[PDB]
Amino acid sequence: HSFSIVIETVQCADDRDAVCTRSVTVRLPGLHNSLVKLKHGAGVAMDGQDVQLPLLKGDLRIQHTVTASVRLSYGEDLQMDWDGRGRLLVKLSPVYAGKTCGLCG
Amino acid sequence: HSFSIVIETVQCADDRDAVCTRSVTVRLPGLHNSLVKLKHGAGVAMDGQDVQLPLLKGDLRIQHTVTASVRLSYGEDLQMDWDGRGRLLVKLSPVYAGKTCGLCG
Amino acid sequence: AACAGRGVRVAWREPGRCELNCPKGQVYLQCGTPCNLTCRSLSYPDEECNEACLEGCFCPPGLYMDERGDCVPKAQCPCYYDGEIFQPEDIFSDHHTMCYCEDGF
Amino acid sequence: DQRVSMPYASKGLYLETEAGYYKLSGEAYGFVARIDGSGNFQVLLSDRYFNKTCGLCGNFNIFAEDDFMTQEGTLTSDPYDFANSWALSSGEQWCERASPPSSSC
Ligand SMILES: *[C@@H]1O[C@H](CO)[C@@H](O)[C@H](O)[C@H]1NC(C)=O
Ligand SMILES: *[C@@H]1O[C@H](CO)[C@@H](O)[C@H](O)[C@H]1NC(C)=O
Ligand SMILES: [Ca+2]
């Protein structure tokens with residue numbers, strides 16, 4: 001349970017089949033159970049408070065990608081890249097191989 | 001003690017006599033004893049977290065002035081305006097008249 | 001992006017589709033190096049950075065990227081110290097340290 | 001801002017030729033200075049200023065190694081930090097921090 005990633009999905013057009021991620025939530029129990037929300041428009045909040053994005057406290061790091069996408073890291077073994085427009089890429093090191101659960105298997 | 005304002009003074013040149021305020025610190029005991037730091041370059045931190053403006057948190061509000069100066073308000077009775085270059089203006093309503101102490105009397 | 005994850009880079013954008021039009025002063029690159037784009041990279045030049053060359057908007061080869069998103073020569077970058085921002089040729093002096101901002105450091 | 005012919009004398013200073021070289025004496029104040037034909041400067045201080053002077057010519061005491069005293073009152077191991085610490089800007093020009101020349105010997 002070193003990390004948990006959750007997505008908020010919403011209808012993203014008039015169509016019923018147009019559904020996309022609005023925001024992302026990362027819970028980090030090892031980081032004193034901090035909750036990081038990645039918002040629409042590539043903002044970030046930590047424990048509900050909006051943060052100036054270059055953040056490096058503890059094992060957590062958050063940064064502006066040159067794409068203006070939010071990049072998040074939590075040691076070497078977890079990384080994330082959130083575009084603010086419903087695209088989320090999650091990278092795990094082989095340390096998590098076989099250990100994961102959720103929609104990404 | 002509903003509020004306290006502290007200034008950090010440094011020698012802002014090689015000249016002995018060139019001393020100016022580098023940063024400001026505000027303690028707000030009624031706001032769960034929040035500590036707000038107003039930084040050189042007009043940045044803001046709260047309890048050590050680098051917050052992103054605008055901010056609203058109960059009675060506290062923090063905002064960028066058109067001057068790019070940080071404006072802070074704690075209710076209607078305390079206001080502050082920090083330029084990030086060592087200029088600090090502090091406005092108190094007459095509720096505080098006779099009640100203050102520190103360098104501003 | 002999946003191609004680039006497998007190390008194949010595709011020149012797929014064109015004026016008929018999906019040009020990654022940059023803000024003024026920046027230039028598009030199909031692949032640019034991220035680690036030395038920001039003024040913060042000058043301000044923390046000992047930091048670890050190993051991230052691969054990637055698509056985005058970059059400053060022209062002699063210029064660094066400022067907080068305004070504008071591109072500035074190295075001599076015009078602000079300096080970042082204790083998470084606090086100082087302009088070119090700023091001095092501060094104190095009982096612990098005496099420091100000055102030059103070349104973004 | 002007015003050009004004046006040599007020899008000259010005013011306000012207790014005497015400015016004259018001596019030994020074919022341009023001389024500027026102020027022994028009422030307790031100094032004398034000269035520029036030779038090659039453009040080398042020299043300055044002499046009376047014992048009135050022993051351990052009571054500062055600037056690029058040092059601090060005038062039995063020690064040679066406690067020179068390089070900055071206007072910030074620190075020592076420095078770097079002659080350019082010392083000398084730039086004693087730089088004086090004016091309405092005629094405001095001046096940059098100088099640095100060592102390139103070399104290839
Ligand atoms: C960043 O590094 C590359 C080489 O990897 C270089 O070509 C480029 O000019 C550098 N950027 C700046 C602003 O110096
Ligand atoms: C020079 O002056 C300093 C005070 O600024 C004093 O501490 C020191 O002892 C003096 N040295 C001599 C040789 O008089
Ligand atoms: Ca000496």
# chains A, B, ... in the order shown; residues from 1 in each chain; ligands from 1
>>> calpha_fit_and_write(fixed="chain B", moving="chain A", output="compact mmCIF listing (two decimals) with N, CA, C and O atoms, in the first residue's frame")
# COMPACT_ATOMS: atom_id res chain seq x y z
N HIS A 1 -3.49 38.93 20.81
CA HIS A 1 -2.55 38.12 20.02
C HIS A 1 -3.17 37.52 18.76
O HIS A 1 -2.77 36.44 18.31
N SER A 2 -4.16 38.21 18.20
CA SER A 2 -4.86 37.69 17.02
C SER A 2 -3.95 37.61 15.80
O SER A 2 -4.21 36.80 14.90
N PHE A 3 -2.91 38.44 15.74
CA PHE A 3 -1.90 38.36 14.68
C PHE A 3 -0.55 38.83 15.20
O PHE A 3 -0.47 39.62 16.15
N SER A 4 0.52 38.34 14.56
CA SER A 4 1.87 38.86 14.76
C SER A 4 2.61 38.93 13.43
O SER A 4 2.66 37.94 12.70
N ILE A 5 3.19 40.09 13.11
CA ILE A 5 3.97 40.29 11.90
C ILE A 5 5.43 40.51 12.27
O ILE A 5 5.75 41.35 13.11
N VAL A 6 6.32 39.74 11.63
CA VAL A 6 7.76 39.79 11.86
C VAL A 6 8.45 40.06 10.52
O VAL A 6 8.00 39.57 9.48
N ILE A 7 9.53 40.84 10.55
CA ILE A 7 10.34 41.09 9.36
C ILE A 7 11.75 40.55 9.56
O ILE A 7 12.31 40.63 10.66
N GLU A 8 12.32 39.99 8.49
CA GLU A 8 13.73 39.61 8.42
C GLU A 8 14.49 40.70 7.68
O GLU A 8 14.27 40.92 6.49
N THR A 9 15.40 41.38 8.38
CA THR A 9 16.22 42.41 7.78
C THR A 9 17.64 41.91 7.53
O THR A 9 18.22 41.20 8.36
N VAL A 10 18.19 42.27 6.37
CA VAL A 10 19.51 41.84 5.94
C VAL A 10 20.23 43.04 5.34
O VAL A 10 19.62 44.04 4.95
N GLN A 11 21.56 42.95 5.28
CA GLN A 11 22.34 43.92 4.52
C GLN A 11 22.06 43.72 3.03
O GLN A 11 22.18 42.60 2.52
N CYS A 12 21.69 44.79 2.34
CA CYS A 12 21.19 44.67 0.97
C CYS A 12 22.12 45.30 -0.06
O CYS A 12 21.72 45.47 -1.22
N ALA A 13 23.34 45.65 0.32
CA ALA A 13 24.38 46.09 -0.60
C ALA A 13 25.73 45.84 0.06
O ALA A 13 25.81 45.23 1.13
N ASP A 14 26.81 46.30 -0.59
CA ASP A 14 28.13 46.24 0.03
C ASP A 14 28.23 47.18 1.23
O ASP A 14 28.98 46.90 2.17
N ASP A 15 27.50 48.29 1.21
CA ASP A 15 27.50 49.23 2.33
C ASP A 15 26.99 48.59 3.61
O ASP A 15 26.13 47.71 3.60
N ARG A 16 27.53 49.06 4.74
CA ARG A 16 27.05 48.66 6.06
C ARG A 16 25.73 49.33 6.42
O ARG A 16 24.99 48.80 7.25
N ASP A 17 25.43 50.49 5.83
CA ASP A 17 24.20 51.22 6.08
C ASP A 17 23.04 50.78 5.20
O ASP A 17 21.89 51.11 5.51
N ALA A 18 23.31 50.06 4.12
CA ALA A 18 22.29 49.47 3.26
C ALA A 18 21.73 48.20 3.89
O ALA A 18 22.28 47.11 3.74
N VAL A 19 20.63 48.35 4.62
CA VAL A 19 19.93 47.24 5.25
C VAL A 19 18.46 47.32 4.88
O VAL A 19 17.86 48.39 4.95
N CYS A 20 17.87 46.19 4.49
CA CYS A 20 16.49 46.16 4.03
C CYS A 20 15.84 44.84 4.43
O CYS A 20 16.52 43.87 4.78
N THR A 21 14.50 44.81 4.39
CA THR A 21 13.75 43.58 4.66
C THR A 21 13.90 42.58 3.52
O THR A 21 13.62 42.90 2.36
N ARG A 22 14.36 41.37 3.85
CA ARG A 22 14.42 40.29 2.87
C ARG A 22 13.10 39.54 2.76
O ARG A 22 12.61 39.29 1.65
N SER A 23 12.50 39.17 3.89
CA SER A 23 11.26 38.42 3.92
C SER A 23 10.41 38.83 5.12
O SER A 23 10.91 39.44 6.07
N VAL A 24 9.12 38.50 5.05
CA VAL A 24 8.15 38.80 6.10
C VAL A 24 7.55 37.49 6.59
O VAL A 24 7.38 36.54 5.82
N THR A 25 7.22 37.44 7.88
CA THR A 25 6.50 36.32 8.46
C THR A 25 5.27 36.80 9.23
O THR A 25 5.38 37.70 10.07
N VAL A 26 4.12 36.20 8.95
CA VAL A 26 2.86 36.49 9.63
C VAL A 26 2.40 35.24 10.36
O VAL A 26 2.20 34.19 9.74
N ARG A 27 2.23 35.34 11.68
CA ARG A 27 1.64 34.27 12.48
C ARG A 27 0.21 34.64 12.84
O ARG A 27 -0.06 35.75 13.32
N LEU A 28 -0.72 33.71 12.62
CA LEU A 28 -2.16 33.93 12.79
C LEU A 28 -2.74 32.90 13.76
O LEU A 28 -3.27 31.86 13.33
N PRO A 29 -2.64 33.14 15.07
CA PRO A 29 -3.16 32.15 16.04
C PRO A 29 -4.63 31.81 15.87
O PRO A 29 -5.02 30.65 16.09
N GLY A 30 -5.46 32.78 15.49
CA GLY A 30 -6.86 32.49 15.20
C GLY A 30 -7.07 31.57 14.01
O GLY A 30 -8.06 30.84 13.96
N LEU A 31 -6.16 31.60 13.05
CA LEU A 31 -6.19 30.66 11.92
C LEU A 31 -5.40 29.39 12.25
O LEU A 31 -4.45 29.00 11.57
N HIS A 32 -5.81 28.75 13.35
CA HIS A 32 -5.19 27.52 13.88
C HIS A 32 -3.67 27.62 13.98
O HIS A 32 -2.94 26.65 13.75
N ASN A 33 -3.19 28.82 14.34
CA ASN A 33 -1.76 29.16 14.43
C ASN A 33 -0.98 28.91 13.14
O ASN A 33 0.16 28.44 13.16
N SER A 34 -1.60 29.21 12.00
CA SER A 34 -0.90 29.17 10.72
C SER A 34 0.25 30.17 10.69
O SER A 34 0.17 31.26 11.26
N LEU A 35 1.34 29.79 10.01
CA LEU A 35 2.47 30.68 9.76
C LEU A 35 2.58 30.95 8.26
O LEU A 35 2.77 30.01 7.47
N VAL A 36 2.47 32.22 7.87
CA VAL A 36 2.58 32.63 6.47
C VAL A 36 3.87 33.43 6.28
O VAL A 36 4.07 34.46 6.93
N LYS A 37 4.75 32.95 5.40
CA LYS A 37 5.97 33.67 5.04
C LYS A 37 5.82 34.32 3.67
O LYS A 37 5.49 33.64 2.69
N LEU A 38 6.07 35.62 3.61
CA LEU A 38 6.12 36.36 2.34
C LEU A 38 7.58 36.48 1.92
O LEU A 38 8.38 37.14 2.58
N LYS A 39 7.93 35.82 0.81
CA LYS A 39 9.31 35.60 0.40
C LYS A 39 9.80 36.72 -0.51
O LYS A 39 9.02 37.46 -1.12
N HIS A 40 11.12 36.85 -0.60
CA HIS A 40 11.74 37.66 -1.64
C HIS A 40 11.30 37.20 -3.02
O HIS A 40 11.21 36.00 -3.30
N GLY A 41 11.02 38.16 -3.90
CA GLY A 41 10.44 37.87 -5.20
C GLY A 41 8.96 37.60 -5.18
O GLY A 41 8.43 37.05 -6.15
N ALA A 42 8.27 37.98 -4.10
CA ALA A 42 6.81 37.96 -3.99
C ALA A 42 6.22 36.55 -4.04
O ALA A 42 5.07 36.37 -4.45
N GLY A 43 6.99 35.54 -3.64
CA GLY A 43 6.41 34.25 -3.34
C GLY A 43 5.82 34.20 -1.94
O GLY A 43 6.11 35.04 -1.09
N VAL A 44 5.00 33.18 -1.68
CA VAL A 44 4.43 32.95 -0.36
C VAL A 44 4.52 31.47 -0.01
O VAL A 44 4.31 30.61 -0.88
N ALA A 45 4.83 31.18 1.25
CA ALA A 45 4.72 29.84 1.82
C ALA A 45 3.80 29.88 3.03
O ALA A 45 3.79 30.85 3.78
N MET A 46 3.02 28.81 3.21
CA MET A 46 2.16 28.65 4.38
C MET A 46 2.53 27.36 5.10
O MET A 46 2.55 26.29 4.48
N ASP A 47 2.82 27.47 6.40
CA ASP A 47 3.38 26.38 7.20
C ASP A 47 4.55 25.69 6.49
O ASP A 47 4.71 24.47 6.54
N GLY A 48 5.38 26.49 5.83
CA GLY A 48 6.55 26.01 5.11
C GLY A 48 6.32 25.49 3.71
O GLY A 48 7.29 25.14 3.04
N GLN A 49 5.07 25.43 3.25
CA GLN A 49 4.75 24.89 1.93
C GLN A 49 4.40 26.02 0.97
O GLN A 49 3.55 26.86 1.27
N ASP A 50 5.05 26.03 -0.19
CA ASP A 50 4.84 27.07 -1.20
C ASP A 50 3.45 26.92 -1.82
O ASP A 50 3.06 25.83 -2.25
N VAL A 51 2.70 28.03 -1.88
CA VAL A 51 1.30 28.01 -2.28
C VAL A 51 1.07 28.84 -3.55
O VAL A 51 1.71 29.87 -3.76
N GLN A 52 0.16 28.35 -4.39
CA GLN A 52 -0.35 29.10 -5.54
C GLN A 52 -1.18 30.28 -5.03
O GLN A 52 -2.16 30.10 -4.30
N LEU A 53 -0.78 31.50 -5.42
CA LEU A 53 -1.05 32.68 -4.59
C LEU A 53 -2.52 33.00 -4.33
O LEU A 53 -2.84 33.37 -3.19
N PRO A 54 -3.46 32.91 -5.30
CA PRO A 54 -4.87 33.18 -4.94
C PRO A 54 -5.43 32.17 -3.96
O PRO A 54 -5.83 31.06 -4.33
N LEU A 55 -5.47 32.57 -2.69
CA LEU A 55 -5.77 31.71 -1.56
C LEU A 55 -6.83 32.38 -0.70
O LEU A 55 -6.74 33.58 -0.43
N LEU A 56 -7.85 31.62 -0.27
CA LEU A 56 -9.02 32.20 0.37
C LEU A 56 -9.50 31.40 1.59
O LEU A 56 -10.64 31.60 2.03
N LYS A 57 -8.67 30.52 2.14
CA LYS A 57 -9.10 29.59 3.18
C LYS A 57 -9.24 30.28 4.54
O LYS A 57 -8.33 30.97 5.01
N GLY A 58 -10.42 30.11 5.15
CA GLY A 58 -10.76 30.75 6.42
C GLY A 58 -10.94 32.25 6.31
O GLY A 58 -11.45 32.77 5.31
N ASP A 59 -10.53 32.97 7.36
CA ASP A 59 -10.50 34.43 7.32
C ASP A 59 -9.35 34.97 6.47
O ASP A 59 -9.41 36.12 6.03
N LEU A 60 -8.32 34.17 6.24
CA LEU A 60 -7.18 34.60 5.44
C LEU A 60 -7.51 34.65 3.95
O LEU A 60 -8.17 33.76 3.41
N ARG A 61 -7.05 35.72 3.29
CA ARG A 61 -7.03 35.79 1.84
C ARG A 61 -5.69 36.36 1.38
O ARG A 61 -5.17 37.30 1.98
N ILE A 62 -5.14 35.78 0.31
CA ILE A 62 -3.90 36.25 -0.32
C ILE A 62 -4.12 36.33 -1.82
O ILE A 62 -4.81 35.49 -2.41
N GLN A 63 -3.54 37.36 -2.45
CA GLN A 63 -3.88 37.72 -3.82
C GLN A 63 -2.70 38.42 -4.49
O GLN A 63 -1.89 39.06 -3.82
N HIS A 64 -2.62 38.29 -5.82
CA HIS A 64 -1.74 39.14 -6.63
C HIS A 64 -2.36 40.52 -6.85
O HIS A 64 -3.44 40.63 -7.45
N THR A 65 -1.68 41.56 -6.38
CA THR A 65 -2.00 42.93 -6.76
C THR A 65 -1.59 43.18 -8.22
O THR A 65 -0.71 42.50 -8.76
N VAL A 66 -2.26 44.14 -8.86
CA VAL A 66 -1.93 44.49 -10.24
C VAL A 66 -0.48 44.94 -10.37
O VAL A 66 0.13 44.80 -11.44
N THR A 67 0.10 45.47 -9.29
CA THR A 67 1.53 45.75 -9.17
C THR A 67 2.41 44.50 -9.14
O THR A 67 3.63 44.64 -9.03
N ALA A 68 1.82 43.30 -9.23
CA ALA A 68 2.44 42.02 -8.89
C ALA A 68 2.88 41.92 -7.43
O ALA A 68 3.57 40.95 -7.07
N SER A 69 2.52 42.88 -6.58
CA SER A 69 2.78 42.76 -5.15
C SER A 69 1.81 41.76 -4.52
O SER A 69 0.66 41.65 -4.93
N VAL A 70 2.29 41.02 -3.53
CA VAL A 70 1.40 40.18 -2.72
C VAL A 70 0.54 41.07 -1.84
O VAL A 70 1.05 41.92 -1.10
N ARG A 71 -0.78 40.88 -1.91
CA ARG A 71 -1.71 41.43 -0.94
C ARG A 71 -2.27 40.32 -0.06
O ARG A 71 -2.66 39.26 -0.56
N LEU A 72 -2.30 40.56 1.25
CA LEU A 72 -2.84 39.63 2.23
C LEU A 72 -3.92 40.33 3.06
O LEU A 72 -3.80 41.51 3.38
N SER A 73 -4.97 39.58 3.39
CA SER A 73 -6.05 40.09 4.24
C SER A 73 -6.43 39.02 5.25
O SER A 73 -6.32 37.82 4.98
N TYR A 74 -6.87 39.47 6.43
CA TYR A 74 -7.25 38.56 7.52
C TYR A 74 -8.45 39.18 8.24
O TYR A 74 -8.28 39.94 9.20
N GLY A 75 -9.65 38.84 7.78
CA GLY A 75 -10.85 39.62 8.01
C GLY A 75 -10.72 41.03 7.44
O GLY A 75 -9.91 41.32 6.56
N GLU A 76 -11.56 41.93 7.97
CA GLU A 76 -11.47 43.34 7.62
C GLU A 76 -10.37 44.07 8.37
O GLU A 76 -9.88 45.09 7.89
N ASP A 77 -9.99 43.58 9.55
CA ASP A 77 -9.21 44.36 10.51
C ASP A 77 -7.70 44.33 10.26
O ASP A 77 -6.99 45.19 10.78
N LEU A 78 -7.20 43.37 9.48
CA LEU A 78 -5.80 43.36 9.06
C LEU A 78 -5.69 43.22 7.55
O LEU A 78 -6.38 42.40 6.94
N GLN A 79 -4.80 44.02 6.96
CA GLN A 79 -4.39 43.87 5.57
C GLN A 79 -2.89 44.15 5.47
O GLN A 79 -2.33 44.90 6.27
N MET A 80 -2.25 43.53 4.48
CA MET A 80 -0.83 43.72 4.20
C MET A 80 -0.59 43.74 2.70
O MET A 80 -1.36 43.16 1.93
N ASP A 81 0.48 44.42 2.29
CA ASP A 81 0.84 44.50 0.87
C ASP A 81 2.36 44.47 0.75
O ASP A 81 3.04 45.45 1.10
N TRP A 82 2.89 43.35 0.25
CA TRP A 82 4.32 43.05 0.19
C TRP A 82 4.78 43.03 -1.26
O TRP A 82 4.27 42.25 -2.06
N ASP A 83 5.76 43.88 -1.59
CA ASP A 83 6.21 44.01 -2.97
C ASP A 83 7.23 42.96 -3.39
O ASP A 83 7.57 42.89 -4.58
N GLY A 84 7.72 42.14 -2.47
CA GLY A 84 8.79 41.20 -2.75
C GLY A 84 10.18 41.80 -2.87
O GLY A 84 11.15 41.04 -3.04
N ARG A 85 10.31 43.12 -2.79
CA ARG A 85 11.59 43.82 -2.91
C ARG A 85 11.90 44.62 -1.65
O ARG A 85 12.61 45.63 -1.70
N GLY A 86 11.37 44.17 -0.51
CA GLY A 86 11.64 44.78 0.77
C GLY A 86 10.71 45.91 1.19
O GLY A 86 10.92 46.49 2.26
N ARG A 87 9.69 46.22 0.39
CA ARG A 87 8.64 47.15 0.79
C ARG A 87 7.45 46.37 1.37
O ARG A 87 6.89 45.50 0.69
N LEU A 88 7.08 46.69 2.60
CA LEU A 88 5.89 46.14 3.24
C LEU A 88 5.01 47.27 3.76
O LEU A 88 5.47 48.11 4.54
N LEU A 89 3.75 47.28 3.34
CA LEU A 89 2.71 48.14 3.91
C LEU A 89 1.73 47.30 4.72
O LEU A 89 1.21 46.30 4.22
N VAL A 90 1.48 47.71 5.97
CA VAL A 90 0.52 47.04 6.85
C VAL A 90 -0.59 48.01 7.23
O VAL A 90 -0.32 49.08 7.78
N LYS A 91 -1.84 47.63 6.94
CA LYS A 91 -3.01 48.41 7.33
C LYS A 91 -3.81 47.68 8.41
O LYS A 91 -4.11 46.49 8.27
N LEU A 92 -4.15 48.40 9.48
CA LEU A 92 -5.05 47.91 10.52
C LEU A 92 -6.29 48.80 10.62
O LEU A 92 -6.19 50.02 10.47
N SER A 93 -7.44 48.18 10.87
CA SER A 93 -8.63 48.94 11.20
C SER A 93 -8.53 49.53 12.62
O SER A 93 -7.72 49.08 13.43
N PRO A 94 -9.35 50.54 12.93
CA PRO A 94 -9.35 51.12 14.29
C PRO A 94 -9.68 50.14 15.41
O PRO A 94 -9.51 50.50 16.58
N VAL A 95 -10.14 48.92 15.10
CA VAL A 95 -10.32 47.89 16.12
C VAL A 95 -9.02 47.60 16.86
O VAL A 95 -9.04 47.26 18.05
N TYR A 96 -7.88 47.74 16.20
CA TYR A 96 -6.57 47.54 16.81
C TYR A 96 -5.95 48.80 17.41
O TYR A 96 -4.83 48.73 17.92
N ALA A 97 -6.63 49.95 17.37
CA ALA A 97 -6.06 51.17 17.91
C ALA A 97 -5.77 51.04 19.40
O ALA A 97 -6.63 50.63 20.18
N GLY A 98 -4.54 51.39 19.78
CA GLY A 98 -4.03 51.21 21.12
C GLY A 98 -3.53 49.83 21.46
O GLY A 98 -2.89 49.66 22.51
N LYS A 99 -3.81 48.82 20.63
CA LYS A 99 -3.51 47.43 20.96
C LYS A 99 -2.18 46.93 20.41
O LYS A 99 -1.71 45.88 20.85
N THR A 100 -1.57 47.64 19.46
CA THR A 100 -0.41 47.12 18.75
C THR A 100 0.88 47.27 19.56
O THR A 100 0.95 47.99 20.55
N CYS A 101 1.90 46.54 19.10
CA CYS A 101 3.25 46.59 19.65
C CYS A 101 4.23 46.15 18.57
O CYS A 101 3.84 45.62 17.53
N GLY A 102 5.51 46.38 18.83
CA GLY A 102 6.55 46.23 17.82
C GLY A 102 7.05 47.54 17.25
O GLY A 102 6.69 48.64 17.69
N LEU A 103 7.92 47.41 16.24
CA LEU A 103 8.55 48.57 15.61
C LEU A 103 7.56 49.61 15.08
O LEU A 103 7.90 50.79 15.00
N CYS A 104 6.36 49.20 14.70
CA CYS A 104 5.34 50.15 14.27
C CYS A 104 4.51 50.74 15.42
O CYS A 104 3.48 51.37 15.16
N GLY A 105 4.93 50.55 16.66
CA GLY A 105 4.35 51.26 17.79
C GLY A 105 2.99 50.74 18.24
O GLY A 105 2.54 49.67 17.85
>>> interface_residues(of="chain D", to="chain B", cutoff="12 Å", atoms="only C-alpha atoms", output="ChimeraX atom specification")
/D:69-74,81-89,97
>>> write_last_selection(atoms="N, CA, C and O atoms", output="PDB file, in the first residue's frame")
ATOM      1  N   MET D  69      39.798  42.793   3.451  1.00  0.00           N
ATOM      2  CA  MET D  69      38.570  43.096   4.183  1.00  0.00           C
ATOM      3  C   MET D  69      37.540  43.761   3.272  1.00  0.00           C
ATOM      4  O   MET D  69      37.802  44.818   2.689  1.00  0.00           O
ATOM      5  N   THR D  70      36.370  43.134   3.149  1.00  0.00           N
ATOM      6  CA  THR D  70      35.258  43.685   2.384  1.00  0.00           C
ATOM      7  C   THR D  70      34.583  44.842   3.122  1.00  0.00           C
ATOM      8  O   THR D  70      34.726  45.012   4.336  1.00  0.00           O
ATOM      9  N   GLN D  71      33.835  45.649   2.360  1.00  0.00           N
ATOM     10  CA  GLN D  71      32.942  46.638   2.961  1.00  0.00           C
ATOM     11  C   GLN D  71      31.845  45.988   3.797  1.00  0.00           C
ATOM     12  O   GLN D  71      31.349  46.599   4.750  1.00  0.00           O
ATOM     13  N   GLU D  72      31.460  44.753   3.465  1.00  0.00           N
ATOM     14  CA  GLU D  72      30.630  43.932   4.341  1.00  0.00           C
ATOM     15  C   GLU D  72      31.324  43.545   5.643  1.00  0.00           C
ATOM     16  O   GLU D  72      30.676  42.958   6.517  1.00  0.00           O
ATOM     17  N   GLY D  73      32.608  43.858   5.794  1.00  0.00           N
ATOM     18  CA  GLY D  73      33.363  43.564   6.994  1.00  0.00           C
ATOM     19  C   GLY D  73      33.879  42.146   7.104  1.00  0.00           C
ATOM     20  O   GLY D  73      34.554  41.826   8.092  1.00  0.00           O
ATOM     21  N   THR D  74      33.582  41.285   6.136  1.00  0.00           N
ATOM     22  CA  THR D  74      34.156  39.949   6.091  1.00  0.00           C
ATOM     23  C   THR D  74      35.533  40.003   5.444  1.00  0.00           C
ATOM     24  O   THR D  74      35.828  40.898   4.645  1.00  0.00           O
ATOM     25  N   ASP D  81      36.229  39.511  -5.174  1.00  0.00           N
ATOM     26  CA  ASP D  81      35.153  39.795  -4.225  1.00  0.00           C
ATOM     27  C   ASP D  81      35.479  41.013  -3.365  1.00  0.00           C
ATOM     28  O   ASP D  81      34.633  41.895  -3.184  1.00  0.00           O
ATOM     29  N   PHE D  82      36.727  41.119  -2.914  1.00  0.00           N
ATOM     30  CA  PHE D  82      37.199  42.277  -2.159  1.00  0.00           C
ATOM     31  C   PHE D  82      37.085  43.570  -2.971  1.00  0.00           C
ATOM     32  O   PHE D  82      36.416  44.540  -2.561  1.00  0.00           O
ATOM     33  N   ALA D  83      37.687  43.582  -4.158  1.00  0.00           N
ATOM     34  CA  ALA D  83      37.727  44.807  -4.944  1.00  0.00           C
ATOM     35  C   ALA D  83      36.334  45.233  -5.396  1.00  0.00           C
ATOM     36  O   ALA D  83      35.992  46.418  -5.308  1.00  0.00           O
ATOM     37  N   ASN D  84      35.508  44.297  -5.879  1.00  0.00           N
ATOM     38  CA  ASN D  84      34.140  44.663  -6.232  1.00  0.00           C
ATOM     39  C   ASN D  84      33.335  45.106  -5.017  1.00  0.00           C
ATOM     40  O   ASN D  84      32.451  45.960  -5.145  1.00  0.00           O
ATOM     41  N   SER D  85      33.605  44.536  -3.837  1.00  0.00           N
ATOM     42  CA  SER D  85      32.980  45.037  -2.620  1.00  0.00           C
ATOM     43  C   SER D  85      33.273  46.513  -2.394  1.00  0.00           C
ATOM     44  O   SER D  85      32.428  47.236  -1.855  1.00  0.00           O
ATOM     45  N   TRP D  86      34.453  46.983  -2.801  1.00  0.00           N
ATOM     46  CA  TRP D  86      34.771  48.410  -2.703  1.00  0.00           C
ATOM     47  C   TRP D  86      34.449  49.234  -3.966  1.00  0.00           C
ATOM     48  O   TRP D  86      34.947  50.358  -4.093  1.00  0.00           O
ATOM     49  N   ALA D  87      33.641  48.714  -4.890  1.00  0.00           N
ATOM     50  CA  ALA D  87      33.165  49.503  -6.028  1.00  0.00           C
ATOM     51  C   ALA D  87      32.197  50.614  -5.614  1.00  0.00           C
ATOM     52  O   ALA D  87      31.354  50.429  -4.733  1.00  0.00           O
ATOM     53  N   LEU D  88      32.325  51.782  -6.264  1.00  0.00           N
ATOM     54  CA  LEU D  88      31.481  52.955  -6.010  1.00  0.00           C
ATOM     55  C   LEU D  88      30.805  53.426  -7.300  1.00  0.00           C
ATOM     56  O   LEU D  88      31.457  54.026  -8.162  1.00  0.00           O
ATOM     57  N   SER D  89      29.502  53.164  -7.428  1.00  0.00           N
ATOM     58  CA  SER D  89      28.689  53.680  -8.527  1.00  0.00           C
ATOM     59  C   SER D  89      28.384  55.174  -8.361  1.00  0.00           C
ATOM     60  O   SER D  89      28.530  55.749  -7.279  1.00  0.00           O
ATOM     61  N   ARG D  97      29.847  44.112 -11.592  1.00  0.00           N
ATOM     62  CA  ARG D  97      30.844  43.294 -10.897  1.00  0.00           C
ATOM     63  C   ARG D  97      31.861  42.732 -11.893  1.00  0.00           C
ATOM     64  O   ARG D  97      31.513  41.909 -12.746  1.00  0.00           O
TER      65      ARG D  97
END
>>> residues_near_ligand(ligand="ligand 1", cutoff="10 Å", atoms="only C-alpha atoms and all ligand atoms", output="PyMOL selection string")
chain C and resi 32-39+41-42+53+58-65+71-74
>>> residues_near_ligand(ligand="ligand 3", cutoff="12 Å", atoms="only C-alpha atoms and all ligand atoms", output="count of residues only")
21
>>> select_by_dssp(residues="chain B", states="strand (DSSP E)", output="NGL selection string")
:B and (4-11 or 19-28 or 34-38 or 44-46 or 49-50 or 55-57 or 60-64 or 70-74 or 78-82 or 88-92)
>>> interface_residues(of="chain C", to="chain B", cutoff="8 Å", atoms="only C-alpha atoms", output="short mmCIF file (atom, residue, chain, number, x, y, z; two decimals) with C-alpha atoms, in the first residue's frame")
data_model
loop_
_atom_site.label_atom_id
_atom_site.label_comp_id
_atom_site.auth_asym_id
_atom_site.auth_seq_id
_atom_site.Cartn_x
_atom_site.Cartn_y
_atom_site.Cartn_z
CA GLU C 84 13.23 32.36 -2.45
CA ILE C 85 13.80 34.41 -5.60
CA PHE C 86 16.46 37.08 -6.23
CA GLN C 87 17.06 39.31 -9.26
CA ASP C 90 21.13 41.27 -6.00
CA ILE C 91 23.31 41.24 -2.88
CA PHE C 92 22.46 40.07 0.60
CA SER C 93 24.71 39.86 3.65
CA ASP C 94 23.99 38.42 7.08
#
